[PDB]
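First the structure, in the form of structure tokens, and then the observations on it.
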Amino acid sequence: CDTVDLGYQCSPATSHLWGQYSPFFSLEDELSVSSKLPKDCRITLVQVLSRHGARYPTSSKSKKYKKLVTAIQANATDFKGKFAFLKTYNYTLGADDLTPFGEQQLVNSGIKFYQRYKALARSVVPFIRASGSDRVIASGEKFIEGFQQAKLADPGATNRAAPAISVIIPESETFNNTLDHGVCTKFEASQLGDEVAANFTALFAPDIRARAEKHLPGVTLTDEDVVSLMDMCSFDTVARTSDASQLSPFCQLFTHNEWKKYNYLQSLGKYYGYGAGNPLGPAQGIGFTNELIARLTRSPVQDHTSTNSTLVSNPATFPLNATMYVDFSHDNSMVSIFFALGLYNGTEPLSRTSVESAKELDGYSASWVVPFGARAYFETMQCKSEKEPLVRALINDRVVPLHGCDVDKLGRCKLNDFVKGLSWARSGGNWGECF
Ligand SMILES: *[C@@H]1O[C@H](CO)[C@@H](O)[C@H](O)[C@H]1NC(C)=O
Ligand SMILES: *[C@@H]1O[C@H](CO)[C@@H](O)[C@H](O)[C@H]1NC(C)=O
Ligand SMILES: *[C@@H]1O[C@H](CO)[C@@H](O)[C@H](O)[C@H]1NC(C)=O
Ligand SMILES: *[C@@H]1O[C@H](CO)[C@@H](O)[C@H](O)[C@H]1NC(C)=O
């Protein structure tokens with residue numbers, strides 16, 4: 001079901017509508033030009049920003065889901081129609097960890113990275129950091145597994161030493177971590193994302209609630225339980241077989257049009273929680289943006305937000321000449337980063353009441369941008385057609401045209417021009433409002 005090149009393509013009319021719970025699927029050519037390396041170009045630097053792979057629910061969510069399934073199985077005097085499987089369903093999910101499928105997604109991502117950047121990877125041991133979350137680190141290890149598998153299979157590889165994860169960035173409310181959020185006091189207190197999501201849930205869940213209660217006499221559900229039962233479609237699918245070869249029976253409880261609404265609920269959550277919808281959303285991504293500028297221009301980090309000054313100004317934990325960088329992070333931080341970089345500056349504020357498709361929103365959705373195993377590639381290339389280095393961003397294989405600079409027909413900008421456009425991040429955005 002899942003491939004190195006294209007990601008997850010089983011039951012795609014459903015599985016591509018799980019927002020951040022969708023397994024990565026390739027968006028090559030979707031509202032985009034070709035992601036191929038252009039004629040007479042040579043990649044000179046690549047930054048990878050990867051999410052962890054498919055996982056179990058977080059321990060608090062897994063507890064909530066188990067409680068819901070237990071309650072339904074206790075209270076229902078019948079399990080009717082499509083809900084009949086709830087009779088005998090055994091909740092077996094764990095918490096937090098990668099599933100076998102999610103491990104394999106990251107092995108595949110490592111292969112894919114080696115394959116796409118072979119000419120550089122042949123001679124490069126990437127410099128790798130991971131935010132300090134078990135599933136994120138494990139994702140890094142699996143990515144490395146795949147990268148080495150591909151490299152050791154390539155007769156043209158010259159520098160074959162395995163990369164280690166050099167930096168495990170601690171996760172806490174006091175540690176400045178560009179790959180996770182936590183230090184921006186006001187933002188961490190923000191409730192806008194949850195409020196927007198509850199509001200939109202109140203619009204669409206009631207009809208579903210009615211139908212489910214009709215099939216589960218004895219059962220009372222909340223709007224939240226409806227969302228819980230929809231979350232279970234993805235979590236169960238990615239856990240129930242090692243290869244996610246079998247769609248969860250939770251999935252066909254809901255119609256296609258309902259999955260569109262769910263996918264949108266997820267997009268709203270991310271947009272209003274971490275993206276431009278939140279007044280302090282993009283500010284959470286300034287830290288990494290400034291790290292990326294530093295890497296693209298081989299220059300010391302200029303940042304006063306969520307970088308750690310001792311991590312960044314020491315060559316051991318922040319080299320400026322590594323040529324390949326790979327960072328492992330979380331959906332929420334990756335959303336803030338992509339917005340801080342201006343990559344979704346063509347996207348207007350999401351309707352809080354009405355579904356808008358990823359294409360209506362110019363390529364933005366949770367499933368297009370931060371699926372399980374999401375990856376972004378930020379390239380620098382040297383082309384016979386141009387004296388200046390050219391920068392290109394690819395998000396889950398979609399060429400995302402840059403903003404803030406004069407972009408060419410291939411969605412690229414000249415390096416200095418791109419950096420010039422990032423004036424908001426370079427000046428620390430509205431970070432001061434954190435306090
Ligand atoms: C920065 O990192 C160093 C080394 O890991 C640590 O001692 C210090 O507490 C960090 N400061 C912040 C605020 O992240
Ligand atoms: C939720 O909807 C109510 C009623 O229409 C509205 O007053 C409120 O502002 C909405 N919440 C958000 C955060 O959009
Ligand atoms: C941690 O971040 C805050 C910026 O929000 C800053 O005041 C402090 O200097 C930082 N400390 C380190 C070690 O970078
Ligand atoms: C994206 O839009 C915001 C709001 O207009 C602006 O402040 C920011 O500089 C833009 N970013 C880029 C890279 O153009």
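So what is the 222 nm mean residue ellipticity for the chain from helices alone, if each DSSP H run of at least 4 adds -39500 (n - 2.57) and you divide by all residues, rounding to the nearest 500 deg cm²/dmol?
-11500 deg cm²/dmol
What's the extension gain from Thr255 to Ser385 if we count 0.36 nm per residue and subtract their Cα-Cα distance?
Contour length minus Cα-Cα distance gives 41.8 nm.
Can you give the local net charge around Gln382? Use residues other than it whose beta-carbon is closer than 15 angstrom to its beta-carbon, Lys and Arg +1, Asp and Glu -1.
Working: positive: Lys39, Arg42, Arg298, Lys384, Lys387, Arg392, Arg412, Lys414; negative: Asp40, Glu379, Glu386, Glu388, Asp408.
Local net charge: +3.
Near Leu49, within a Cβ-to-Cβ distance under 15 Å, what is the net charge of the other residues, with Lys and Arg +1 and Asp and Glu -1?
+2
For the ranges 305-318, 13-26, 354-367, 331-344, what's the packing order if you count other beta-carbon atoms within 10 Å of each residue, average per peptide, and put the highest first?
The peptides rank, most packed first, as 331-344, 13-26, 354-367, 305-318.
Kindly write out, for the range 80-96 in residue order, the coupling ³J(HN,Hα) from the Karplus curve 6.51 cos²θ - 1.76 cosθ + 1.60 (θ = phi - 60°), rounded to whole Hz, with x marking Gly and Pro.
9, x, 5, 8, 4, 4, 5, 3, 10, 4, 9, 5, 10, 5, x, 9, 6
What shape does the range 74-204 have by the C-alpha gyration tensor, where a ≥ b ≥ c are the square roots of the eigenvalues, rounded means a/c under 1.5, and otherwise prolate means a/b greater than b/c and oblate the rest?
Verdict is oblate for the range 74-204.
First measure r as the distance between the Cβ atoms of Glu360 and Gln115, then evaluate 1/(1 + (r/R0)^6) with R0 = 45 Å and state the FRET efficiency to the nearest 0.05.
Numbers: r = 33 Å, r/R0 = 0.73.
That gives a FRET efficiency of 0.85.
List every residue whose amide H lies under 5 Å from the amide H of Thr44, counting only residues 5 or more places away in sequence or on a different chain, with H placed 1.01 Å from N in the peptide plane.
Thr380, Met381, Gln382
Output ³J(HN,Hα) for the range 367-376: one whole-Hz value per residue in order, computed from phi by the Karplus curve 6.51 cos²θ - 1.76 cosθ + 1.60 with θ = phi - 60°, and x for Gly and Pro.
6, 6, 10, 10, x, 3, x, 3, 9, 10
Check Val399: other-chain or 5+ apart residues with amide H under 5 Å from its amide H, H built from backbone geometry?
Amide H neighbours of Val399, under 5 Å, 5+ apart: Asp29, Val33.
Which of the pairs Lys112/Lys270; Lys270/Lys359; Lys118/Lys151; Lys384/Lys409 have their Cα atoms more than 20 Å apart in this structure?
Listed pairs above 20 Å: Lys112/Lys270.
Show me the helices of the chain, taken as full DSSP H stretches, that run 20 Å or more along their long axis by Cα and average -1.0 or above in Kyte-Doolittle hydropathy. Working shown, then result.
Working: long enough: 59-75 (24 Å, -0.87); 100-116 (24 Å, -0.72); 134-152 (27 Å, -0.27); 192-215 (34 Å, -0.15); 223-240 (25 Å, 0.17); 256-273 (25 Å, -1.61).
Going by DSSP H runs, the hits are 59-75, 100-116, 134-152, 192-215, 223-240.
Determine one quarter of the surface area of the Cα convex hull of the chain, which equals its mean projected area, and express it in nm² to one decimal.
19.5 nm²
Quick one: Cα centre-to-centre distance for the range 77-144 and the range 302-333, in angstrom?
Between the Cα centres of the range 77-144 and the range 302-333 lies a distance of 23 Å.
In terms of modelled amide H atoms, which long-range or inter-chain residues lie less than 5 Å from the amide H of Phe25?
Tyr8
For the chain, with a Gaussian network of springs between Cα atoms less than 10 Å apart, report the residue from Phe288, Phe83, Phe254 with the top mean-square fluctuation.
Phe83
In nanometres, what is the gap between the two model label sites at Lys67 and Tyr91, each 7 Å from Cα along Cα-to-Cβ?
The answer from the label model is 0.9 nm.
If you add up the charges near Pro206, with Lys and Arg at +1 and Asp and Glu at -1, over every other residue whose beta carbon is less than 15 angstrom from its beta carbon, what do you get?
Net charge around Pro206: -2.
Stretched out fully, how many nm does the piece from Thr3 to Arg426 gain, at 0.36 nm a residue minus the Cα gap? Let's see the in-between values first.
Details: separation 423, 0.36 × 423 = 152.28 nm, distance 3.77 nm.
Gain in length upon complete extension: 148.5 nm.
Under a cut-off of 20 Å between alpha-carbon atoms, report the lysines in cross-link reach of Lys87, not counting same-chain residues fewer than 8 places apart.
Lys63, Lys64, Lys66, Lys67, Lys214
Give me the extension gain from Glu224 to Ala164: residue separation times 0.36 nm, minus the current Cα-Cα distance, reported in nm with one decimal. Don't skip to the end; give the middle numbers.
Working: separation 60, 0.36 × 60 = 21.60 nm, distance 4.14 nm.
Extra length from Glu224 to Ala164 when fully extended: 17.5 nm.
Report the relative contact order of the chain, percent, no decimals, based on alpha-carbon pairs under 8 angstrom and at least 6 residues apart.
Working: 889 pairs, mean separation 116.7, N = 435.
RCO, the chain: 27 percent.
Which residue fluctuates most in the GNM of the chain (Cα springs below 10 Å): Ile208, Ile293, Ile395?
Checking each option, the largest mean-square fluctuation is seen for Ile208.
Gaussian network model of the chain, Cα springs within a sub-10 Å range: biggest mean-square fluctuation belongs to which of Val399, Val219, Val107?
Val219
In whole angstrom, and with the biggest value first, how far do the Cα coordinates of the range 29-114 range along each principal axis?
Extents along the principal axes, in whole Å: 68, 27, 18.
Laboratory data are not the source of any read-out in this text; all were calculated from the coordinates shown. A quick note on method: Cβ atoms are made from the backbone with ideal geometry, for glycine too, and the neighbour counts reach across all protein chains shown.
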